[PDB]
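Q: How does the following fold in three dimensions:
(chains A, B, C and D)
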Amino acid sequence: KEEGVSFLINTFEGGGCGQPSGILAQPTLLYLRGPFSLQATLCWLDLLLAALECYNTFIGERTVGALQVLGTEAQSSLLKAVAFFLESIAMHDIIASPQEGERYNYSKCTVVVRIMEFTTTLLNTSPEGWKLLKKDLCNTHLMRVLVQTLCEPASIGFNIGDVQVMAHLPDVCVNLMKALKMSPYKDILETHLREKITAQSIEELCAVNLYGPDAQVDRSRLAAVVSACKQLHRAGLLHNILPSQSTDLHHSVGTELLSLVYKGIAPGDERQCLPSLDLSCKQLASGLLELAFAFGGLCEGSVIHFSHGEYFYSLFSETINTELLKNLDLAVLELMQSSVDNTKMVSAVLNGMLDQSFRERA
Amino acid sequence: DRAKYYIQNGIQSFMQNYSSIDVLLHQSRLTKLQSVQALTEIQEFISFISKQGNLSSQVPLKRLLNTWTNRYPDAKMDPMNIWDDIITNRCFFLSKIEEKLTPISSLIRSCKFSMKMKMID
Amino acid sequence: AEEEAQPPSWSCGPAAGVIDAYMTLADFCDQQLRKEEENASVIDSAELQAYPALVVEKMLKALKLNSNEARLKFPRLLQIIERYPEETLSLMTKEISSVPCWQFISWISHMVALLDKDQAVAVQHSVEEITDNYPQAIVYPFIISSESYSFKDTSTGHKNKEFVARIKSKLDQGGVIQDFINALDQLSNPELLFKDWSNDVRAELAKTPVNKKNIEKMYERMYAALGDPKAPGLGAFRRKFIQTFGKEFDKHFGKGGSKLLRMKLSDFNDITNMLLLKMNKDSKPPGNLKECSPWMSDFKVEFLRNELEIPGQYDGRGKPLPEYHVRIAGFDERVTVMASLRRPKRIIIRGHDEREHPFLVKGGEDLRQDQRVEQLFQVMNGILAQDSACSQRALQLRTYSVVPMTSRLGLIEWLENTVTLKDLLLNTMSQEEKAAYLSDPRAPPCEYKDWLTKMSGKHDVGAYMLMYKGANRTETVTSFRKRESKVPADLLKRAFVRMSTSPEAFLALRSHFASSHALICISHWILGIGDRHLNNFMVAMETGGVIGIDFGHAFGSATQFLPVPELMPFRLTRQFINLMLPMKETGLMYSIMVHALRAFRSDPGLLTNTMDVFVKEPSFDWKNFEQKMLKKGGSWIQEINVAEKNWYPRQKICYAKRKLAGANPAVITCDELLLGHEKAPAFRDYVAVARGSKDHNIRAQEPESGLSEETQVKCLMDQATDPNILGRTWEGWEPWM
Amino acid sequence: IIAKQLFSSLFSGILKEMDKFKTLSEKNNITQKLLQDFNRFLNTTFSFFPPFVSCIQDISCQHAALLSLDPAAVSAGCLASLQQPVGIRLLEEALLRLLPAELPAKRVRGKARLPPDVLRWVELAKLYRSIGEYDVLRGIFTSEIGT
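A: Numbers count the residues shown, from 1 in each chain, chains lettered A, B, ... in the order given. Please find the structure below.
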């Protein structure tokens, strides 16, 4: 009856080691050396094992109360652990001709995202009572590979950067960093994240403005840090490092709107980064200083002529959709006070407010 | 004038000869996949003569290398109708082309010599 | 002037094809040495030893060629004169990399055999060649090495022998499948294993002893069949023949067999024929399928076969660009064995390449004497792409794949809608001419053969010392030829027009039937056509054109061997030339055979080499051509040995036939060469009958050694329709029709 | 019209029952006159595919003087192509009556060997012409030398 709890018992009464299959695929591969290994080995033989592990976990607690006592010596020390060493070898080989090389890459992802799927899928579900993460002392490899969720887009494909694989990557980091939230000791996190928290954070963000020309290449890296931090919203420990960078640095992204809007710089895609930048920003900073920035920014031949109306308005034509969808997002009735405090602007903000809200919810 | 009417009618005469093909003879195809081969250089000749006489200025001193460079790498299987019937076309091409660009010279001789060469082996 | 041709090719730098001068230089020296092996002298042996060791490298350089003449060069280089002790070791190492690594392949049986004994210094050189090609992309050499090496380990220092030993250890590992499939497909019918095994041991129990480990081992193969099918030796290699048959027969076979163990009494060599004969008529009734089809029905299809590189075997081919095309996959369980010589078995490989492929099982046959013949075929029709007049008419003739697996078995490709004109002709004649009565069992080829027995002495095994009268001959071929032969003229034309819905396609496709025929008939004048019944050239009903599959009898042995005395250029049975319309146009498809001929003629070197290592190489062509013909039928076995005492059919069969390229007319000198044995006045003059009376003596007079274009053909036709030669030869060639 | 089978059926349903119905000598001689109409037609229509279908329809019919009085290869040979060379085969067995009886060159069918040559000729294949020439040319005498 109890699928898992039941049948697992009678199996361990019969045998303890009555499930695992294969034995690695790394030196034997340097002894053989072929293309089909790259096809079954590194696309399923590793993942078939991973998968049977995955779905066997969510069943019964046997991966905790019974697996723990299976081996600690001969045949065992070549299973889970070295499988990790094939995840370090997975970042490695993910880095290092046409369609064949591509099956190499897409395979390397198709495995490694499932392995992240399983570090997660394990951690946030399998370690109950929080006493099993300490099993994989190669706790290090996984960190050093998953976190490079920006150096991963470089390691796996850029095509897959487009192929809706990074329509799933933010969700996968969401997952792993989600098992990294709250659940494990908060020290894992700083050994994980406290590797490029700030420093670059301020440097690339200011740097889009210091950069200027050849912008879009760099904007790629920007929306990588941007989106990847949007992944951090789903994650923790942002609060030690990113709400001081929220009060200071997201306000700084508001100054980014303020300065960048004068020049009309760069293309409509960087005009899409400002929606991003302000998105990952406002999704963490206060809206008080924003609503303030509405009217306040407003009070602060042809050129200056339309300019008076433009730094008055276009900062609220462009970013309108995300600002509406930003403080409608979290606080009712704060806005109120904002808009009346403005005067004569009230109409665009409030009309696009009712408007865009109306659209989103129903 | 009339060479275009009779060349179109001979075209439709092969269009006539193309109806019988159950267990086709080679003679069915090869002599056709050859006579069309000559015809192509023919109509080509008409067209770029009509232009090179009316272009530019003296830009036929500069262009037209196209037609020799299309005339040059055309291949023969085994038929021996080919390597003469191309000379049938190409030779009238030398006389009339030379007669239509007139209405540098050492490059001309190197060019006709480089014509001659491969048209032998 | 060649010295002022070739190294300047290497000094110029752009183009000037290295081949264009190199290979001509190599042909020049090789003909220098053969012409010098004909005669020995002082300035001829001293200059001859200046000239030959020269061309030996440039046939490695300019190897981006067609490369088969190369494969013919290397063992030629080594065995021909002083095999260099370092020179060849080093640059013949840089070659197969400098040239296509797949030039490594083109000589499948040469290399493997060479590795062992034929090279002597491969274990020093080509062992490292074969050991760099070997671990990468070499699944195909896995098969052939296992045949040659374990045969004979000649004399060694330590290194030479340990190496090849471990090389064969690289085909028990990552090739454990190789012998697992061979030990798989090691089938089928018991009769061929026992009868052929018993011939094999039995013809070595009669003469001098040599019975020590020969007979002691030669007991063991059979004990495998029958002492192990319930012992641990076949608990590893089970079959369905072993499931019951290797047991029901194990009970009785154990006692007579272990009585055989210590038998060792030459007269009992005959006595086995009691037991064997019974077990023979008891082994034809059960060969009824459902044994190897379920027993083989076990396929992995796991882990991409564990990354297995086993293709359809022998799919590794010739010419460069090796892409490891085809793939094994899984077989269709249905199987059917069928009515033929060894009772061979029809397999359906189901290739992974979105396609299946039906092959054949010849478990009771070492398919080698036919390998280089088929490859020599694709040299026939693979050369005719430089003659115009061969292209002009699409003059090639069909190939396929001969699959030489273990020393004991090979497989062969099999097109569908290609069928034996005998079989088809017969049944289609049947549904056309009478129900089944017809005449064939009353009084045509039974009556005629009875008539031949009543015209010599007594039975039929003779008549050879007889065969007299020149008028009565015309009575035999007039009578039976006209009646019989005219019948399936109508039946063959009727089969074509019956098989061409379109009343016109019949006369359309006759062209490709015919063309096929001229092509096969020169194909045989190339070399002997024996065992080659009307059942042995086989027509294809696709393009309605014919293809020739049999290769038992090569060169002389086709015509020469005493037990069956045969001689014709090619199967010109009657009804076939009846089917070409009242033509005449035959006597000029003659032209097909001529352009064909000159196409062969012009280049002596290639064909020369090819045929040289093919006649000399296989034991299964002279040292086991005995083994071949005896394996076929018994009547040969007693005459051969007493004819083949201290006698070698190698370099002379070759010289005679290369001469056959030269200008040997009327088959006339070939006829002589088979004549010289048995018997000069009995048979020799007889072959001269197609040479005697003037009307056909045109087959004798125009014969001139002087490089005559069409002569060899102009006669070669009426050198087959000389009714004498037909009515005499044998019971199989149905010269009736 | 592609249903040529009506036509061969038709003559099968014209010749067969004019073997099984009533009297047969005179009539069998009579229907043979129609080959004049076939061939008068063959001199009338210029360039026409279904006439050809009548020609195969003709050598199909168990007839001699169709095989004789035919210069189809002259005409029904200019466009039909393959349907003209089917005639000769049918022609040879009965119209070439002096070829399987091996008799002088005076009686053997004079023309009906030659239209088969020019007909296999217009089809200047690569095996067809090269053959037909010394075929019919061989059918007399001083060709062994010229060839």
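
Q: The residue of chain C found nearest chain A: neighbour count?
A: Chain A sits closest to residue C:307 of chain C, with a gap of 4.0 Å, by Cβ to the nearest Cβ. The C-beta positions use only the backbone N, C-alpha and C, and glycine is treated the same way. As a burial measure, residue C:307 scores 17 neighbours (other Cβ atoms under 10 Å in any protein chain shown).

Q: what sits against it?
A: Contact criterion Cβ atoms under 8 Å, 6 or more residues apart in numbering or on different chains gives A:32, A:34, A:36, A:37, A:40 as the residues in contact with residue C:307.

Q: For it, which non-adjacent residue is spatially closest?
A: With Cβ to Cβ, 6 or more residues apart in numbering or on different chains as the measure, residue A:36 is the residue that lies nearest to residue C:307, at 4.0 Å, once sequence neighbours are left out.

Q: Would you agree that neighbour is in contact with residue C:304?
A: Yes - taking Cβ atoms under 8 Å as the definition, residue A:36 is a contact partner of residue C:304 at 4.6 Å.

Q: Check which residues of stretch C:662-672 are buried.
A: By 16 or more other Cβ atoms under 10 Å in any protein chain shown, the buried positions in stretch C:662-672 come out as C:663, C:664, C:665, C:666, C:667, C:668, C:669, C:670, C:671.

Q: One more: stretch C:451-462?
A: Under the neighbour-count criterion of 16+ other Cβ under 10 Å, stretch C:451-462 has C:452, C:456 buried.

Q: Stretch C:7-14 too?
A: For stretch C:7-14, a neighbour-count test (16+ other Cβ under 10 Å) marks residue C:9 as buried.

Q: residues touching the residue nearest in space to the middle of chain C, list them.
A: The central residue of chain C, meaning the one whose C-alpha is nearest the mean C-alpha position (Cα atoms, centre = their mean), is residue C:370 at 2.3 Å. If you count contacts by Cβ under 8 Å, 6+ apart, residue C:370 has them with C:402, C:551.

Q: do the one 4 residues further on as well
A: Residue C:374 makes contact with C:399, C:400, C:401, C:402, C:551, according to Cβ under 8 Å, 6+ apart.

Q: Repeat that for residue A:141.
A: Taking Cβ under 8 Å, 6+ apart as the criterion, residue A:141 is in contact with A:84, A:85, A:87, A:88.

Q: Where does the first one fall, secondary structure wise?
A: Per DSSP states H and E: residue A:84 is located in helix A:80-95.

Q: who in the stretch 351-500 of chain C is up against chain B?
A: Residues of the stretch 351-500 of chain C that fall close to chain B, judged by Cβ under 8 Å from any Cβ of the partner chain: C:388, C:391, C:392, C:394.

Q: Please identify which pair of those residues lies farthest apart.
A: Using Cβ to Cβ, these span at most 12.1 Å, a distance reached by C:388 and C:394.

Q: Filter the residues of the stretch 351-500 of chain C next to chain B down to the buried ones.
A: Using 16+ other Cβ under 10 Å as the threshold, C:391, C:392 are the buried ones among those.

Q: Dump the residues of the stretch 351-500 of chain C next to chain B to JSON lines, plus distance to chain A and secondary structure.
A: Rendered in JSON lines, the data for these read as follows (distance: Cβ to the nearest Cβ, whole Å; DSSP: H, G, I helix; E, B strand; the rest coil):
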{"residue": "C:388", "distance to chain A": "41", "secondary structure": "helix"}
{"residue": "C:391", "distance to chain A": "37", "secondary structure": "helix"}
{"residue": "C:392", "distance to chain A": "42", "secondary structure": "coil"}
{"residue": "C:394", "distance to chain A": "37", "secondary structure": "coil"}
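
Q: Same list, the residues of the stretch 351-500 of chain C next to chain B, but only the ones touching chain D.
A: Of the entries in these, those that also sit close to chain D under the rule Cβ under 8 Å from any Cβ are C:392, C:394.

Q: Give me the contact list for the longest helix seen in chain B.
A: Of all the elements of type helix in chain B, the one with the most residues (DSSP state H) is helix B:32-54. Contacts with helix B:32-54, where a contact means Cβ under 8 Å, 6+ apart, come from B:4, B:7, B:11, B:14, B:17-18, B:60, B:63-64, B:66-67, B:70-71, B:74, B:79, B:81-82, B:85-86, B:88-90, B:92-93, B:96-97, B:100-101, B:103.

Q: Can you tell me how far residue C:672 is from residue C:570?
A: Distance check for residue C:672 against residue C:570: by Cβ to Cβ, to the nearest Å, it reads 19 Å.

Q: Residue A:20 too?
A: 67 Å.

Q: how about the buried residues of stretch C:662-672, which pair is most distant?
A: Most distant of those, by Cβ to Cβ, are C:663 and C:671, 14.8 Å apart.

Q: Indicate the residue of the stretch 1-150 of chain C located nearest to chain D.
A: Nearest residue of the stretch 1-150 of chain C to chain D (Cβ to the nearest Cβ) works out as residue C:66 at 25.6 Å.

Q: Chain C contacts on chain B?
A: Counting by Cβ under 8 Å from any Cβ, the residues of chain B close to chain C are B:22, B:23, B:26, B:77, B:78.

Q: Which PyMOL command selects the buried ones in those residues?
A: The command below creates a PyMOL selection of those among the residues of chain B next to chain C that count as buried (16+ other Cβ under 10 Å):
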select buried, chain B and resi 23+26
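
Q: residue ranges of the helices in the stretch 251-362 of chain A, please?
A: Counting by DSSP state H, counting those that start in this stretch, one finds helices in the stretch 251-362 of chain A at the ranges A:251-263, A:270-282, A:288-299, A:302-313, A:320-330, A:334-342, A:346-361.

Q: Spit out the contact partners of the closest residue to chain A within chain D.
A: In chain D, no residue comes nearer to chain A than residue D:126, which is 43.3 Å away by Cβ to the nearest Cβ. Going by Cβ under 8 Å, 6+ apart, residue D:126 touches B:25, B:26, B:27, C:392, C:393, C:394.

Q: thought the third one was touching residue D:120?
A: It stands for residue B:27. No - with contact taken as Cβ under 8 Å, residue B:27 and residue D:120 are classed as non-touching, separated by 11.1 Å.

Q: between those two, what contacts are shared?
A: Contacts common to residue B:27 and residue D:120, judged by Cβ under 8 Å, 6+ apart, are residue D:128.

Q: Not counting residues beside it along the chain, what's closest to residue 100?
A: Looking at chain A here, since you left the chain open. Beyond its immediate neighbours in the sequence, the residue positioned closest to residue A:100 (Cβ to Cβ, 6+ apart) is residue A:35, lying 6.8 Å away.

Q: should've been chain D
A: Residue nearest to residue D:100 in three dimensions, not counting chain neighbours: residue C:582, with 6.9 Å by Cβ to Cβ, 6+ apart.
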